[PDB]
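**Student:** What follows is query27.pdb, made up of PDB, C-alpha atoms:
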```
ATOM      1  CA  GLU A  49     -13.919 -42.122   2.225
ATOM      2  CA  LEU A  50     -12.440 -38.653   2.734
ATOM      3  CA  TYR A  51      -9.329 -39.916   0.940
ATOM      4  CA  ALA A  52     -11.103 -40.785  -2.301
ATOM      5  CA  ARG A  53     -12.675 -37.319  -2.248
ATOM      6  CA  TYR A  54      -9.174 -35.886  -1.859
ATOM      7  CA  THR A  55      -7.591 -37.816  -4.731
ATOM      8  CA  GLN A  56     -10.512 -36.863  -6.968
ATOM      9  CA  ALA A  57      -9.812 -33.256  -5.981
ATOM     10  CA  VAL A  58      -6.135 -33.771  -6.938
ATOM     11  CA  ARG A  59      -7.060 -35.234 -10.340
ATOM     12  CA  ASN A  60      -9.694 -32.486 -10.836
ATOM     13  CA  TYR A  61      -7.095 -29.826 -10.052
ATOM     14  CA  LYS A  62      -4.749 -31.225 -12.703
ATOM     15  CA  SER A  63      -7.440 -31.184 -15.446
ATOM     16  CA  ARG A  64      -8.313 -27.513 -14.917
ATOM     17  CA  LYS A  65      -6.178 -24.761 -16.361
ATOM     18  CA  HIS A  66      -3.141 -24.069 -14.166
ATOM     19  CA  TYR A  67       0.572 -23.397 -14.319
ATOM     20  CA  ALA A  68       2.369 -26.715 -14.577
ATOM     21  CA  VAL A  69       5.059 -27.770 -12.111
ATOM     22  CA  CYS A  70       7.241 -30.622 -13.375
ATOM     23  CA  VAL A  71      10.267 -32.216 -11.723
ATOM     24  CA  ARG A  72      13.324 -34.240 -12.769
ATOM     25  CA  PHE A  73      13.865 -37.101 -10.312
ATOM     26  CA  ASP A  74      17.033 -39.188  -9.905
ATOM     27  CA  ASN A  75      15.241 -42.516  -9.564
ATOM     28  CA  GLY A  76      16.317 -46.088  -9.003
ATOM     29  CA  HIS A  77      18.684 -45.654  -6.034
ATOM     30  CA  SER A  78      18.430 -47.387  -2.661
ATOM     31  CA  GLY A  79      20.291 -47.247   0.648
ATOM     32  CA  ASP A  80      19.187 -43.677   1.211
ATOM     33  CA  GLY A  81      15.781 -43.363   2.849
ATOM     34  CA  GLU A  82      12.296 -42.440   1.662
ATOM     35  CA  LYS A  83      13.950 -39.958  -0.711
ATOM     36  CA  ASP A  84      14.894 -42.883  -2.969
ATOM     37  CA  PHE A  85      11.223 -43.459  -3.844
ATOM     38  CA  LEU A  86       8.724 -42.094  -6.362
ATOM     39  CA  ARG A  87       5.951 -42.497  -3.806
ATOM     40  CA  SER A  88       7.565 -39.552  -1.955
ATOM     41  CA  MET A  89       6.638 -37.090  -4.754
ATOM     42  CA  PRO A  90       4.014 -34.484  -3.781
ATOM     43  CA  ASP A  91       0.534 -35.497  -4.958
ATOM     44  CA  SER A  92       0.128 -32.185  -6.793
ATOM     45  CA  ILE A  93       3.068 -32.244  -9.220
ATOM     46  CA  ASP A  94       1.990 -32.439 -12.828
ATOM     47  CA  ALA A  95       4.826 -34.632 -14.081
ATOM     48  CA  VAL A  96       7.947 -36.402 -12.891
ATOM     49  CA  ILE A  97      10.747 -37.100 -15.375
ATOM     50  CA  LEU A  98      12.718 -40.248 -14.516
ATOM     51  CA  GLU A  99      16.450 -39.638 -14.944
ATOM     52  CA  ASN A 100      17.177 -43.380 -15.192
ATOM     53  CA  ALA A 101      14.264 -44.800 -17.133
ATOM     54  CA  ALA A 102      15.770 -47.446 -19.458
ATOM     55  CA  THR A 103      15.340 -50.297 -16.952
ATOM     56  CA  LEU A 104      13.174 -49.814 -13.874
ATOM     57  CA  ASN A 105      13.457 -51.536 -10.503
ATOM     58  CA  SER A 106      10.593 -52.974  -8.470
ATOM     59  CA  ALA A 107      10.049 -49.852  -6.380
ATOM     60  CA  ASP A 108       9.508 -47.654  -9.428
ATOM     61  CA  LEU A 109       7.207 -50.149 -11.176
ATOM     62  CA  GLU A 110       4.976 -50.294  -8.112
ATOM     63  CA  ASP A 111       4.923 -46.540  -7.543
ATOM     64  CA  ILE A 112       4.264 -45.360 -11.116
ATOM     65  CA  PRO A 113       0.702 -46.770 -11.495
ATOM     66  CA  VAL A 114      -0.173 -45.360  -8.073
ATOM     67  CA  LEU A 115       0.984 -41.872  -9.089
ATOM     68  CA  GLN A 116      -0.920 -42.118 -12.366
ATOM     69  CA  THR A 117      -4.091 -43.679 -10.982
ATOM     70  CA  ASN A 118      -4.473 -41.811  -7.697
ATOM     71  CA  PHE A 119      -3.123 -38.372  -8.652
ATOM     72  CA  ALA A 120      -3.056 -38.262 -12.467
ATOM     73  CA  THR A 121       0.657 -37.506 -12.157
ATOM     74  CA  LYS A 122       2.499 -38.030 -15.461
ATOM     75  CA  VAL A 123       5.689 -40.109 -15.598
ATOM     76  CA  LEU A 124       8.134 -39.414 -18.435
ATOM     77  CA  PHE A 125      11.251 -41.106 -19.796
ATOM     78  CA  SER A 126      14.372 -38.914 -19.745
ATOM     79  CA  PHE A 127      16.165 -39.204 -23.087
ATOM     80  CA  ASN A 128      19.634 -37.636 -23.261
ATOM     81  CA  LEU A 129      20.076 -36.931 -26.972
ATOM     82  CA  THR A 130      23.354 -35.086 -26.348
ATOM     83  CA  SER A 131      24.855 -38.245 -24.799
ATOM     84  CA  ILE A 132      23.955 -40.195 -27.941
ATOM     85  CA  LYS A 133      25.611 -37.606 -30.179
ATOM     86  CA  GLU A 134      28.762 -37.506 -28.045
ATOM     87  CA  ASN A 135      29.274 -41.285 -27.964
ATOM     88  CA  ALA A 136      28.683 -41.548 -31.712
ATOM     89  CA  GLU A 137      31.368 -38.909 -32.284
ATOM     90  CA  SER A 138      33.971 -40.136 -29.793
ATOM     91  CA  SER A 139      33.792 -43.623 -31.385
ATOM     92  CA  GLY A 140      33.523 -42.554 -35.029
ATOM     93  CA  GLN A 141      30.110 -44.132 -35.569
ATOM     94  CA  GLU A 142      27.295 -42.417 -37.418
ATOM     95  CA  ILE A 143      24.605 -40.955 -35.119
ATOM     96  CA  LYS A 144      22.043 -43.278 -36.707
ATOM     97  CA  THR A 145      23.986 -46.268 -35.365
ATOM     98  CA  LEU A 146      23.639 -45.423 -31.685
ATOM     99  CA  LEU A 147      20.427 -43.392 -32.036
ATOM    100  CA  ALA A 148      18.061 -45.926 -33.640
ATOM    101  CA  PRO A 149      18.448 -48.668 -30.971
ATOM    102  CA  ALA A 150      18.373 -46.092 -28.156
ATOM    103  CA  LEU A 151      15.068 -44.866 -29.623
ATOM    104  CA  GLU A 152      13.547 -48.389 -29.834
ATOM    105  CA  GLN A 153      14.589 -48.893 -26.206
ATOM    106  CA  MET A 154      12.746 -45.689 -25.214
ATOM    107  CA  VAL A 155       9.624 -46.630 -27.198
ATOM    108  CA  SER A 156       9.676 -50.115 -25.701
ATOM    109  CA  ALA A 157      10.327 -48.686 -22.228
ATOM    110  CA  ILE A 158       7.411 -46.289 -22.611
ATOM    111  CA  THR A 159       5.069 -48.991 -23.922
ATOM    112  CA  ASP A 160       5.973 -51.893 -21.619
ATOM    113  CA  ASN A 161       6.388 -49.839 -18.431
ATOM    114  CA  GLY A 162       3.257 -47.748 -19.073
ATOM    115  CA  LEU A 163       5.030 -44.389 -19.113
ATOM    116  CA  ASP A 164       3.250 -41.238 -20.259
ATOM    117  CA  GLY A 165       5.883 -39.943 -22.688
ATOM    118  CA  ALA A 166       9.420 -38.571 -22.714
ATOM    119  CA  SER A 167      11.534 -35.476 -22.156
ATOM    120  CA  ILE A 168      14.229 -35.001 -24.820
ATOM    121  CA  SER A 169      17.299 -33.045 -23.676
ATOM    122  CA  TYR A 170      19.750 -31.732 -26.288
ATOM    123  CA  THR A 171      22.536 -29.175 -25.839
ATOM    124  CA  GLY A 172      24.557 -29.641 -29.051
ATOM    125  CA  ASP A 173      24.568 -27.736 -32.323
ATOM    126  CA  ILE A 174      21.063 -27.315 -33.761
ATOM    127  CA  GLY A 175      22.017 -27.162 -37.450
ATOM    128  CA  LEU A 176      21.563 -23.390 -37.826
ATOM    129  CA  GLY A 177      25.204 -22.705 -38.755
ATOM    130  CA  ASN A 178      26.834 -22.614 -42.179
ATOM    131  CA  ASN A 179      28.588 -26.016 -42.417
ATOM    132  CA  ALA A 180      26.447 -28.163 -44.707
ATOM    133  CA  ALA A 181      28.227 -31.330 -43.549
ATOM    134  CA  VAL A 182      27.322 -30.674 -39.902
ATOM    135  CA  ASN A 183      23.880 -29.334 -40.851
ATOM    136  CA  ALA A 184      23.093 -32.590 -42.665
ATOM    137  CA  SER A 185      23.971 -34.829 -39.726
ATOM    138  CA  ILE A 186      21.761 -32.834 -37.335
ATOM    139  CA  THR A 187      18.825 -32.850 -39.757
ATOM    140  CA  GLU A 188      19.081 -36.629 -40.090
ATOM    141  CA  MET A 189      19.431 -37.037 -36.311
ATOM    142  CA  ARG A 190      16.425 -34.807 -35.723
ATOM    143  CA  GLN A 191      14.435 -36.730 -38.343
ATOM    144  CA  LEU A 192      15.098 -40.080 -36.680
ATOM    145  CA  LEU A 193      13.837 -38.611 -33.410
ATOM    146  CA  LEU A 194      10.579 -37.321 -34.900
ATOM    147  CA  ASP A 195       9.900 -40.533 -36.858
ATOM    148  CA  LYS A 196      10.020 -42.462 -33.583
ATOM    149  CA  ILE A 197       8.033 -40.163 -31.250
ATOM    150  CA  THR A 198       5.381 -38.794 -33.640
ATOM    151  CA  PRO A 199       3.391 -42.109 -33.580
ATOM    152  CA  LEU A 200       3.548 -41.905 -29.766
ATOM    153  CA  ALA A 201       2.357 -38.289 -29.859
ATOM    154  CA  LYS A 202      -0.761 -39.400 -31.765
ATOM    155  CA  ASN A 203      -1.450 -41.890 -28.948
ATOM    156  CA  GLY A 204      -1.573 -39.159 -26.299
ATOM    157  CA  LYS A 205       2.027 -39.552 -25.141
ATOM    158  CA  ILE A 206       3.593 -36.306 -23.858
ATOM    159  CA  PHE A 207       6.939 -35.031 -25.117
ATOM    160  CA  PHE A 208       9.035 -32.189 -23.679
ATOM    161  CA  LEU A 209      11.918 -30.628 -25.572
ATOM    162  CA  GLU A 210      14.659 -29.603 -23.138
ATOM    163  CA  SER A 211      16.704 -27.706 -25.684
ATOM    164  CA  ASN A 212      16.618 -24.620 -27.913
ATOM    165  CA  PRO A 213      13.163 -24.399 -29.565
ATOM    166  CA  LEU A 214      14.787 -23.362 -32.848
ATOM    167  CA  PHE A 215      16.008 -26.992 -33.000
ATOM    168  CA  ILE A 216      12.500 -27.980 -34.165
ATOM    169  CA  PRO A 217      11.302 -26.927 -37.645
ATOM    170  CA  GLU A 218       8.053 -24.978 -37.645
ATOM    171  CA  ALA A 219       6.410 -27.948 -39.389
ATOM    172  CA  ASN A 220       7.024 -30.189 -36.345
ATOM    173  CA  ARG A 221       6.390 -27.843 -33.394
ATOM    174  CA  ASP A 222       3.139 -29.607 -32.489
ATOM    175  CA  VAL A 223       4.896 -32.884 -31.584
ATOM    176  CA  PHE A 224       6.118 -31.356 -28.307
ATOM    177  CA  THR A 225       3.650 -30.410 -25.577
ATOM    178  CA  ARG A 226       6.193 -28.214 -23.735
ATOM    179  CA  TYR A 227       9.360 -26.384 -24.669
ATOM    180  CA  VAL A 228      11.654 -26.247 -21.633
ATOM    181  CA  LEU A 229      14.190 -23.409 -21.423
ATOM    182  CA  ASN A 230      17.304 -24.038 -19.368
ATOM    183  CA  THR A 231      17.450 -20.977 -17.143
ATOM    184  CA  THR A 232      19.440 -22.443 -14.234
ATOM    185  CA  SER A 233      22.344 -20.157 -15.110
ATOM    186  CA  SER A 234      20.203 -17.024 -15.575
ATOM    187  CA  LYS A 235      21.269 -14.479 -12.990
ATOM    188  CA  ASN A 236      18.128 -12.359 -12.613
ATOM    189  CA  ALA A 237      14.651 -11.712 -14.017
ATOM    190  CA  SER A 238      16.023  -9.516 -16.827
ATOM    191  CA  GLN A 239      17.848 -12.499 -18.295
ATOM    192  CA  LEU A 240      14.730 -14.634 -17.824
ATOM    193  CA  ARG A 241      12.633 -12.105 -19.748
ATOM    194  CA  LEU A 242      15.155 -11.999 -22.591
ATOM    195  CA  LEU A 243      15.068 -15.793 -23.039
ATOM    196  CA  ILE A 244      11.293 -16.109 -22.736
ATOM    197  CA  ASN A 245      10.612 -13.333 -25.250
ATOM    198  CA  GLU A 246      13.139 -14.809 -27.680
ATOM    199  CA  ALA A 247      11.303 -18.145 -27.445
ATOM    200  CA  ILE A 248       7.856 -16.606 -27.984
ATOM    201  CA  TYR A 249       8.360 -13.763 -30.447
ATOM    202  CA  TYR A 250      11.333 -14.985 -32.467
ATOM    203  CA  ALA A 251      11.109 -18.799 -32.284
ATOM    204  CA  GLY A 252       7.309 -18.659 -32.303
ATOM    205  CA  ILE A 253       6.558 -20.826 -29.261
ATOM    206  CA  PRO A 254       3.115 -20.069 -27.801
ATOM    207  CA  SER A 255       3.736 -18.827 -24.292
ATOM    208  CA  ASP A 256       1.586 -21.492 -22.611
ATOM    209  CA  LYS A 257       3.847 -24.256 -24.057
ATOM    210  CA  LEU A 258       6.899 -22.755 -22.313
ATOM    211  CA  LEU A 259       8.531 -23.828 -19.051
ATOM    212  CA  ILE A 260      11.593 -22.372 -17.354
ATOM    213  CA  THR A 261      13.951 -24.479 -15.246
ATOM    214  CA  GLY A 262      15.074 -23.971 -11.649
ATOM    215  CA  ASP A 263      17.253 -26.010  -9.281
ATOM    216  CA  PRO A 264      16.552 -26.319  -5.514
ATOM    217  CA  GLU A 265      20.275 -25.806  -4.720
ATOM    218  CA  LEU A 266      20.882 -22.719  -6.854
ATOM    219  CA  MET A 267      20.429 -19.022  -6.189
ATOM    220  CA  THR A 268      19.550 -15.988  -8.302
ATOM    221  CA  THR A 269      19.231 -12.226  -7.815
ATOM    222  CA  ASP A 270      15.829 -10.671  -7.175
ATOM    223  CA  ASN A 271      14.579  -7.265  -8.315
ATOM    224  CA  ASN A 272      15.696  -5.660  -5.030
ATOM    225  CA  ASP A 273      19.133  -7.123  -5.961
ATOM    226  CA  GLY A 274      19.265  -9.434  -2.941
ATOM    227  CA  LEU A 275      20.150 -13.096  -3.232
ATOM    228  CA  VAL A 276      17.350 -15.723  -3.205
ATOM    229  CA  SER A 277      16.588 -19.328  -4.175
ATOM    230  CA  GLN A 278      15.886 -19.980  -7.869
ATOM    231  CA  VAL A 279      12.821 -22.155  -7.391
ATOM    232  CA  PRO A 280      10.576 -19.752  -5.388
ATOM    233  CA  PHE A 281      11.792 -16.760  -7.373
ATOM    234  CA  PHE A 282      11.473 -18.508 -10.749
ATOM    235  CA  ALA A 283       7.957 -19.582  -9.698
ATOM    236  CA  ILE A 284       6.928 -15.922  -9.416
ATOM    237  CA  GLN A 285       8.672 -15.186 -12.727
ATOM    238  CA  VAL A 286       6.575 -17.757 -14.588
ATOM    239  CA  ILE A 287       3.926 -15.050 -14.230
ATOM    240  CA  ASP A 288       5.812 -11.751 -13.974
ATOM    241  CA  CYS A 289       8.115 -12.522 -16.908
ATOM    242  CA  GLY A 290       5.111 -12.714 -19.192
ATOM    243  CA  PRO A 291       2.752 -15.499 -18.223
ATOM    244  CA  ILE A 292       4.197 -18.701 -19.643
ATOM    245  CA  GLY A 293       3.176 -22.313 -19.075
ATOM    246  CA  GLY A 294       4.981 -23.225 -15.895
ATOM    247  CA  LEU A 295       8.073 -24.354 -14.064
ATOM    248  CA  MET A 296      10.439 -27.299 -14.398
ATOM    249  CA  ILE A 297      12.465 -28.203 -11.294
ATOM    250  CA  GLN A 298      15.615 -30.116 -12.051
ATOM    251  CA  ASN A 299      17.466 -31.985  -9.291
ATOM    252  CA  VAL A 300      14.256 -32.226  -7.255
ATOM    253  CA  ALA A 301      15.701 -34.868  -4.903
ATOM    254  CA  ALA A 302      17.764 -32.055  -3.373
ATOM    255  CA  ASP A 303      14.431 -30.472  -2.315
ATOM    256  CA  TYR A 304      13.437 -33.615  -0.369
ATOM    257  CA  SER A 305      14.645 -32.772   3.137
ATOM    258  CA  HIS A 306      13.273 -29.925   5.287
ATOM    259  CA  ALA A 307      12.211 -29.389   8.910
ATOM    260  CA  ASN A 308       8.736 -30.956   8.744
ATOM    261  CA  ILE A 309       7.341 -31.387   5.208
ATOM    262  CA  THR A 310       9.127 -32.979   2.268
ATOM    263  CA  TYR A 311       9.677 -31.146  -1.029
ATOM    264  CA  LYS A 312       8.888 -27.815   0.579
ATOM    265  CA  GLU A 313      10.070 -25.602  -2.286
ATOM    266  CA  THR A 314       8.199 -27.723  -4.850
ATOM    267  CA  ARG A 315       4.987 -27.574  -2.816
ATOM    268  CA  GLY A 316       5.577 -23.851  -2.306
ATOM    269  CA  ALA A 317       5.991 -23.115  -6.013
ATOM    270  CA  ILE A 318       2.739 -24.971  -6.695
ATOM    271  CA  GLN A 319       0.805 -23.010  -4.051
ATOM    272  CA  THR A 320       2.334 -19.709  -5.269
ATOM    273  CA  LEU A 321       1.348 -20.371  -8.890
ATOM    274  CA  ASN A 322      -2.031 -22.067  -8.237
ATOM    275  CA  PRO A 323      -3.243 -20.965  -4.799
ATOM    276  CA  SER A 324      -5.803 -23.278  -3.285
ATOM    277  CA  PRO A 325      -9.303 -21.776  -2.863
ATOM    278  CA  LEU A 326      -9.380 -23.143   0.701
TER
END
```
With the file now loaded, output its structure as structure tokens.

**Tutor:**
Amino acid sequence: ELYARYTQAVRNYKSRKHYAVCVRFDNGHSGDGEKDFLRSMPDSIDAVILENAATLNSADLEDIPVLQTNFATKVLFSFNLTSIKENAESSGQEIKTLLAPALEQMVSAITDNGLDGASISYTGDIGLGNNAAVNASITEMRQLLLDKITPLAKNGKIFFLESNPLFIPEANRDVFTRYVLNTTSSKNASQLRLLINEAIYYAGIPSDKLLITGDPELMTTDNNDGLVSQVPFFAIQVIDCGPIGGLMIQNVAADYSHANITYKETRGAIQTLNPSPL
């Protein structure tokens, strides 16, 4: 079958060296159309992060093994660490109290639903200040996280850190396959270059572990100082702003609808970064 030759080409493409394109998908809805479904993802994305991964409906559980088996697409659990910290604080409970069961849920979700790993997002204080009381609570929160995902990392599970890389002690950097910089508010390539070089040369993140983030609905300013879409411009900047590891597209559902082909900007960023030989 021509089709089996094509899927083998898709899986072969993903095992060769290339710039990664990963997406965050708002899964588990219905009543919209085909855009509700994981099967609508382009065959050539490297990973899809499920926004709502704690309990999965029947559509997602059918689609995930197809994505994995036919296209070697990775499916990751989205873990909002910041949300855990905020609910622990607003209710006066210790982090540990909300964090430990949330972590067992994630591990169980990953194991029972056959997910490929998790993306950890964190936008709170990273324990680099001068308050020892705060700095102790972050250390203990970070330690709980690493105790739970490190055994998964040894089993081949993939972890992204969507946060500041300095959050992770040098001793633990290897637990995360990618470090994802939130650049959706960067206004031009100069600001991109500042953040990338800070990650590499000061935080010590090897450049191929680094992704920047774009949003299909946002704009940024190009080098001619005209206004353009983040995603296609940030795709070029993965290279031009010092070759890093690839691109993360948040809010990818917004990229669903176009004239003819779905996910046009996502497909376009992939072709820009890894042009097909044909």

**Student:** Go through A:177, A:90, A:290, A:113 and flag the residue nearest residue A:317, using only C-alpha atoms for the distances.

**Tutor:**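 With only C-alpha atoms as the atom set, the closest residue is A:90.
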
**Student:** Return the single residue from A:133, A:64, A:257, A:312 that is closest to residue A:293, with distances computed using only C-alpha atoms.

**Tutor:** A:257

**Student:** Taking the file as shown, what set of residues would the PyMOL selection byres ((chain A and resi 170-172) around 10) give back, as a PyMOL selection string?

**Tutor:** chain A and resi 127-134+167-169+173-175+186+209-212+215+230

**Student:** Measure the distance from atom CA of residue A:202 to atom CA of residue A:224 in Å and round it to one decimal.

**Tutor:**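 These two atoms are separated by 11.1 Å.
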
**Student:** What is the atom CA of residue A:85-atom CA of residue A:108 distance in Å, reported with one decimal?

**Tutor:**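 Computing it gives 7.2 Å between the two atoms.
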
**Student:** When you look at residue A:311 with a cut-off of 9 Å (counting only C-alpha atoms), what residues show up, excluding the ones that are within fewer than 2 positions of it in the same chain? I need them as a count of residues only.

**Tutor:** 15

**Student:** Kindly give the distance, in Å, that separates atom CA of residue A:62 and atom CA of residue A:291, rounded to a single decimal.

**Tutor:**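 Computing it gives 18.3 Å between the two atoms.
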
**Student:** Tell me which of A:52, A:251, A:243, A:260 sits closest to residue A:287, counting all atoms listed in the file.

**Tutor:** A:260

**Student:** Find the residue from A:147, A:50, A:258, A:68 that sits nearest to residue A:321; use only C-alpha atoms when measuring.

**Tutor:** A:68

**Student:** Which one is closest to residue A:55: A:91, A:80, A:256, A:218? Count all atoms listed in the file.

**Tutor:** A:91

**Student:** Can you translate the PyMOL selection byres ((chain A and resi 106) around 12) into the concrete residues it hits in this file, as number ranges by chain?

**Tutor:** A: 75-78, 85-86, 103-105, 107-112, 161

**Student:** So which residues get picked by the PyMOL selection byres ((chain A and resi 187-195) around 8) here, written as number ranges by chain?

**Tutor:** A: 143-144, 147-148, 151, 175, 183-186, 196-199, 223

**Student:** Which of these, A:324, A:272, A:116, A:285, has the shortest distance to residue A:164 once you count all atoms listed in the file?

**Tutor:**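 Looking only at the distances to residue A:164, the closest residue turns out to be A:116.
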
**Student:** Return as JSON the box centre and box size in Å, one decimal, for an axis-aligned box around all listed atoms of stretch 66-69 of chain A padded by 5 Å per side.

**Tutor:**
```
{"center_x": 1.0, "center_y": -25.6, "center_z": -13.3, "size_x": 18.2, "size_y": 14.4, "size_z": 12.5}
```

**Student:** Mind checking which residues fall within 10 Å of residue A:269, counting all atoms listed in the file, ignoring those fewer than 5 positions away in the same chain, and posting them as a ChimeraX atom specification?

**Tutor:** /A:234-238,274-278,281

**Student:** Could you list, as a list in words, every residue within 7 Å of residue A:73, counting all atoms listed in the file and ignoring same-chain residues fewer than 6 positions away?

**Tutor:**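 These residues fall inside the cut-off: residues 96, 97, 98, 99, 299, 300 and 301 of chain A.
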
**Student:** Tell me which protein, DNA and RNA residues are within 8 Å of residue A:282, counting all atoms listed in the file, leaving out same-chain ones fewer than 6 positions away, and put them as a PDB file with C-alpha atoms, keeping the file's coordinate frame.

**Tutor:**
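Saved as part-v3.pdb:
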```
ATOM      1  CA  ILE A 260      11.593 -22.372 -17.354  1.00  0.00           C
ATOM      2  CA  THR A 261      13.951 -24.479 -15.246  1.00  0.00           C
ATOM      3  CA  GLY A 262      15.074 -23.971 -11.649  1.00  0.00           C
ATOM      4  CA  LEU A 295       8.073 -24.354 -14.064  1.00  0.00           C
TER       5      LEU A 295
END
```
